[PDB]
Amino acid sequence: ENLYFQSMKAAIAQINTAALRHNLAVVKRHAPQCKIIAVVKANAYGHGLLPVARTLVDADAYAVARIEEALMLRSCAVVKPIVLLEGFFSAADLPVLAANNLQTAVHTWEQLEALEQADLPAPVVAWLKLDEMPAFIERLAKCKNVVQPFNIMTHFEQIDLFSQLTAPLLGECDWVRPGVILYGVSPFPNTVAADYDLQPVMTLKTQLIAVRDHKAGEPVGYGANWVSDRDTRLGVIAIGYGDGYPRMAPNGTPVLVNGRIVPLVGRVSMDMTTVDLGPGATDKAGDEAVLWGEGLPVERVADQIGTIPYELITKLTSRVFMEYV
Amino acid sequence: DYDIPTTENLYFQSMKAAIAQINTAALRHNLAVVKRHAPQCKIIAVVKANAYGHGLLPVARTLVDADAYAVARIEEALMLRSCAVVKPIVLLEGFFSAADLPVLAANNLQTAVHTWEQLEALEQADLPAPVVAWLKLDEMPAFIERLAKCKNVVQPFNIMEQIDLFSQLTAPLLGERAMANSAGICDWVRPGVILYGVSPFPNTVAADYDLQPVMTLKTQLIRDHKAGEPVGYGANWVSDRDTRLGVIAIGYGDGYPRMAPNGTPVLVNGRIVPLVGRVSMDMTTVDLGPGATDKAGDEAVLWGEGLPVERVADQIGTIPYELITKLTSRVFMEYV
């Protein structure tokens, strides 16, 4: 209400480029003689494909899930090699690879069959790994449309056969790449903290649209779900299920308002949701109110809801405004 | 007609991953059903959140017979006005900011007053030409007389356990109502979500009610033939019996919920097949069965024509309102 002009004050997901560059330096602090490879799939985990790619200029190579994202990177004058994770799931996706120089990843029999059947100038760089055990490694090696020797990208009791079979094969100290830790997400339930030199990039901010005072024993929340008669000054934030927030978990979801952690109450609507502050507290209309990120980690919020933090950052629809700092 | 593709979408007609087809023929059909029962009633759509994930601008051009429009925020109303829309735009939930009052008068919008903060800002602001305001939310305040005395409001207004008491108080007041709760268990009516082919309650689950869902969430079939043991990526694992499986290119990062691991219906080649295992970021597996062999790249519909969205929402647990609005920018909009 104390604003001056239109600057978009509703659902907003602020991205800190300073923390993004910091997380990449943390990987280089432990492994200096390693090939750093991002980790820019599903619109860079909901942080924006093109803006983070321009920021991570120190990254030796890029990695996407589909060709559509890889073509957007190459058009934005990137020269670093693009790795196609999960590979190609169409035979017509092979000539666009040899033309835009993309490094695919072969694992299924269908993409190996399509590689031998297709004829095209210049071969493509292939990566391999699984998800007893077929020895299609020699079939991939004898292929005419593949840069020989291929390349392997393993991981850090059920498999173990991949480790001994990769020993005679060459050969691209070390050259390891991250999971999601480049954004400040652990994400492991063993340690959901990730505060040890790790900063979250996405800070899901909103706005305090209205404040309601009960002043009487009324647990009613319009008529959908009830909570408690205890008199407390309630506040409503402008973020709903139609913005990307999950309708799951009632009393217990943490929300950071003016530094202090306040629990989310009742159900979630399409555009807004209510949160329990307190009668003694003084929260004015137009406050910060952050759902996940700085002050309250995304792994902590995901654990309270039940889902993994990977969904929380990718579930956000086109209604949320992308802020970059 | 379909607007020029905004920077940037794919040019593949055979599809790649995630597509939400919106049929305009059912959108026009549902509107005629409302007019069939109530002919002397002004129809008020019902385009609150990017037209419930169907696209604000394309459905507005289609619903030309609609007497008035209704949005949640000013941003959507300004997009309609710029697309040469002359019909009155109703601002649901009203304005939250005092600076949202001069734009309301300049673009001729119909705000909704319910909170005290809105009324305080209306009396405190001075602007040429008044705004048409709608009313509808000490206990039970009589601020109706205060709203009527306001200088920047088109007089009269225009109104839309707790209660019955509000329906009693609107009787002496003149003289334009609009509800909003139920059309069939008048002079002006506004539907809920029935204009898209979705029932607001799973009482009938759209079965024999007339009908036709607009959004048909299509995908593409991207093993073994065996059920196996590591089914998806991991964690949730089903049977091992020799049966034909299928994997569809739609994940949690597309808008699909990870909830209800097994039993969720998916329509593949007319036949209903249950969803198995968990849901990944870009894809999910579905159990086809031994009978009839299917090829990679089939239709595969999640909700809409052949399988209603209310039926899918009931199997997951959530309301159908979320399912159609949870879809992110990764899904491609087809009309065509």
# chains A, B, ... in the order shown; residues from 1 in each chain; ligands from 1

$ residues_around --residues "residue A:148" --least-positions-apart "5" --cutoff "10 Å" --atoms "only C-alpha atoms" --output "list in words"
residues 123, 124, 125, 126, 140, 141, 142, 143 and 170 of chain A

$ closest_atom_pairs --of "chain B" --to "chain A" --cutoff "6 Å" --atoms "only C-alpha atoms" --output "tab-separated table"
residue	atom	partner	partner_atom	distance
B:97	CA	A:1	CA	5.0
B:98	CA	A:1	CA	5.9
B:252	CA	A:311	CA	6.0
B:253	CA	A:314	CA	4.8
B:255	CA	A:315	CA	5.9
B:322	CA	A:241	CA	5.9
B:325	CA	A:242	CA	4.8
B:326	CA	A:242	CA	5.5
B:328	CA	A:317	CA	3.8
B:329	CA	A:318	CA	5.5

$ select_by_dssp --residues "stretch 18-158 of chain A" --states "strand (DSSP E or B)" --output "ChimeraX atom specification"
/A:37-39,61-64,82-84,102-105,124,127-128,146,152

$ select_by_dssp --residues "stretch 57-306 of chain B" --states "alpha helix (DSSP H)" --output "ChimeraX atom specification"
/B:57-62,74-82,101-106,116-124,144-149,166-169

$ closest_residue --among "B:129, B:303, B:1, B:46" --to "residue B:212" --atoms "only C-alpha atoms"
B:303

$ atom_distance --atom1 "atom CA of residue B:181" --atom2 "atom CA of residue B:91"
17.4 Å

$ residues_around --residues "residue A:70" --least-positions-apart "5" --cutoff "8 Å" --atoms "only C-alpha atoms" --output "PyMOL selection string"
chain A and resi 64+82+84+102

$ write_last_selection --atoms "C-alpha atoms" --output "compact mmCIF listing (two decimals), in the first residue's frame"
# COMPACT_ATOMS: atom_id res chain seq x y z
CA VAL A 64 20.88 -30.54 -20.87
CA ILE A 82 26.93 -29.39 -24.67
CA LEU A 84 22.83 -34.39 -24.02
CA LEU A 102 26.34 -32.06 -29.42

$ atom_distance --atom1 "atom CA of residue A:26" --atom2 "atom CA of residue A:303"
25.1 Å

$ atom_distance --atom1 "atom CA of residue B:110" --atom2 "atom CA of residue B:59"
20.1 Å

$ residues_around --residues "stretch 280-294 of chain B" --least-positions-apart "6" --cutoff "7 Å" --atoms "only C-alpha atoms" --output "ChimeraX atom specification"
/B:232,243-254,273-274

$ residues_around --residues "residue A:133" --least-positions-apart "6" --cutoff "9 Å" --atoms "only C-alpha atoms" --output "PyMOL selection string"
chain A and resi 159+161-162

$ write_last_selection --atoms "N, CA, C and O atoms" --output "short mmCIF file (atom, residue, chain, number, x, y, z; two decimals), in the first residue's frame"
data_model
loop_
_atom_site.label_atom_id
_atom_site.label_comp_id
_atom_site.auth_asym_id
_atom_site.auth_seq_id
_atom_site.Cartn_x
_atom_site.Cartn_y
_atom_site.Cartn_z
N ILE A 159 25.39 -52.97 -8.94
CA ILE A 159 26.07 -52.89 -10.24
C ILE A 159 27.46 -53.54 -10.09
O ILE A 159 27.58 -54.74 -10.33
N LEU A 161 29.84 -54.33 -11.65
CA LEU A 161 30.33 -54.90 -12.90
C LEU A 161 30.78 -53.80 -13.88
O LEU A 161 31.66 -54.05 -14.70
N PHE A 162 30.18 -52.60 -13.78
CA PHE A 162 30.51 -51.46 -14.63
C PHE A 162 31.93 -50.96 -14.35
O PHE A 162 32.62 -50.58 -15.29
#

$ residues_around --residues "residue B:41" --least-positions-apart "4" --cutoff "10 Å" --atoms "only C-alpha atoms" --output "PDB file with N, CA and C atoms, in the first residue's frame"
ATOM      1  N   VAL B  34     -25.237 -23.011 -20.839  1.00  0.00           N
ATOM      2  CA  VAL B  34     -25.571 -22.022 -19.805  1.00  0.00           C
ATOM      3  C   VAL B  34     -26.715 -21.122 -20.324  1.00  0.00           C
ATOM      4  N   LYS B  35     -26.642 -20.708 -21.608  1.00  0.00           N
ATOM      5  CA  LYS B  35     -27.643 -19.860 -22.264  1.00  0.00           C
ATOM      6  C   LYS B  35     -28.933 -20.636 -22.575  1.00  0.00           C
ATOM      7  N   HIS B  37     -30.423 -22.844 -20.554  1.00  0.00           N
ATOM      8  CA  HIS B  37     -31.193 -22.826 -19.309  1.00  0.00           C
ATOM      9  C   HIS B  37     -31.541 -21.395 -18.899  1.00  0.00           C
ATOM     10  N   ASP B  67     -21.041 -11.859 -22.396  1.00  0.00           N
ATOM     11  CA  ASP B  67     -21.459 -10.484 -22.122  1.00  0.00           C
ATOM     12  C   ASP B  67     -20.438  -9.701 -21.285  1.00  0.00           C
ATOM     13  N   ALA B 178     -24.994 -11.272  -9.144  1.00  0.00           N
ATOM     14  CA  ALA B 178     -24.227 -12.271  -9.900  1.00  0.00           C
ATOM     15  C   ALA B 178     -23.613 -13.343  -8.977  1.00  0.00           C
ATOM     16  N   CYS B 186     -34.056 -15.563 -13.104  1.00  0.00           N
ATOM     17  CA  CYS B 186     -32.839 -14.790 -12.869  1.00  0.00           C
ATOM     18  C   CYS B 186     -32.604 -13.801 -14.024  1.00  0.00           C
ATOM     19  N   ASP B 187     -31.652 -12.860 -13.851  1.00  0.00           N
ATOM     20  CA  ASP B 187     -31.333 -11.849 -14.862  1.00  0.00           C
ATOM     21  C   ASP B 187     -29.827 -11.793 -15.187  1.00  0.00           C
ATOM     22  N   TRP B 188     -28.952 -12.306 -14.284  1.00  0.00           N
ATOM     23  CA  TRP B 188     -27.486 -12.325 -14.456  1.00  0.00           C
ATOM     24  C   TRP B 188     -26.860 -13.521 -13.715  1.00  0.00           C
ATOM     25  N   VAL B 189     -26.042 -14.343 -14.414  1.00  0.00           N
ATOM     26  CA  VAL B 189     -25.367 -15.511 -13.815  1.00  0.00           C
ATOM     27  C   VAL B 189     -23.891 -15.594 -14.242  1.00  0.00           C
ATOM     28  N   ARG B 190     -23.045 -16.176 -13.374  1.00  0.00           N
ATOM     29  CA  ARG B 190     -21.626 -16.397 -13.649  1.00  0.00           C
ATOM     30  C   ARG B 190     -21.241 -17.840 -13.251  1.00  0.00           C
TER      31      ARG B 190
END

$ residues_around --residues "residue B:61" --least-positions-apart "6" --cutoff "12 Å" --atoms "only C-alpha atoms" --output "short mmCIF file (atom, residue, chain, number, x, y, z; two decimals) with N, CA and C atoms, in the first residue's frame"
data_model
loop_
_atom_site.label_atom_id
_atom_site.label_comp_id
_atom_site.auth_asym_id
_atom_site.auth_seq_id
_atom_site.Cartn_x
_atom_site.Cartn_y
_atom_site.Cartn_z
N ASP B 1 -7.71 -19.05 -34.84
CA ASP B 1 -6.76 -18.10 -35.39
C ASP B 1 -5.34 -18.43 -34.93
N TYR B 2 -5.11 -18.46 -33.59
CA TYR B 2 -3.85 -18.73 -32.88
C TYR B 2 -2.83 -17.60 -33.10
N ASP B 3 -2.34 -17.02 -31.99
CA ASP B 3 -1.35 -15.93 -31.99
C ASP B 3 0.02 -16.42 -32.47
N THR B 24 -11.52 -25.52 -28.97
CA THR B 24 -12.35 -24.31 -28.91
C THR B 24 -13.83 -24.63 -29.14
N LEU B 27 -15.50 -25.26 -25.76
CA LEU B 27 -15.51 -23.97 -25.06
C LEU B 27 -16.76 -23.17 -25.45
N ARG B 28 -17.15 -23.25 -26.73
CA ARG B 28 -18.32 -22.59 -27.30
C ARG B 28 -19.60 -23.36 -26.95
N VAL B 47 -11.80 -16.44 -16.33
CA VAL B 47 -10.44 -16.43 -16.93
C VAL B 47 -9.44 -15.94 -15.83
N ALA B 51 -6.74 -18.15 -17.83
CA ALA B 51 -7.93 -18.90 -18.25
C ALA B 51 -7.87 -20.35 -17.77
N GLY B 55 -4.98 -20.49 -21.48
CA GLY B 55 -4.55 -19.30 -22.20
C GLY B 55 -5.62 -18.22 -22.18
N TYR B 69 -16.31 -10.18 -18.90
CA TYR B 69 -15.12 -10.95 -18.53
C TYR B 69 -14.79 -10.75 -17.04
N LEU B 80 -6.28 -7.97 -22.01
CA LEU B 80 -7.56 -8.15 -22.69
C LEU B 80 -7.95 -6.86 -23.43
N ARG B 81 -7.87 -5.71 -22.72
CA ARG B 81 -8.17 -4.38 -23.24
C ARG B 81 -7.32 -4.04 -24.46
N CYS B 83 -6.13 -6.20 -26.54
CA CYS B 83 -6.53 -7.11 -27.61
C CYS B 83 -7.95 -6.77 -28.13
N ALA B 84 -8.27 -5.45 -28.14
CA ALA B 84 -9.51 -4.82 -28.61
C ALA B 84 -10.81 -5.43 -28.01
N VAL B 85 -10.82 -5.70 -26.69
CA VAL B 85 -11.99 -6.24 -25.99
C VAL B 85 -12.79 -5.06 -25.41
N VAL B 86 -14.07 -4.94 -25.81
CA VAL B 86 -14.96 -3.85 -25.41
C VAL B 86 -15.88 -4.24 -24.24
N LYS B 87 -16.12 -5.55 -24.04
CA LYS B 87 -16.97 -6.11 -22.98
C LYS B 87 -16.42 -5.74 -21.59
#

$ closest_residue --among "A:62, A:171, A:213, A:13" --to "residue B:139" --atoms "only C-alpha atoms"
A:213
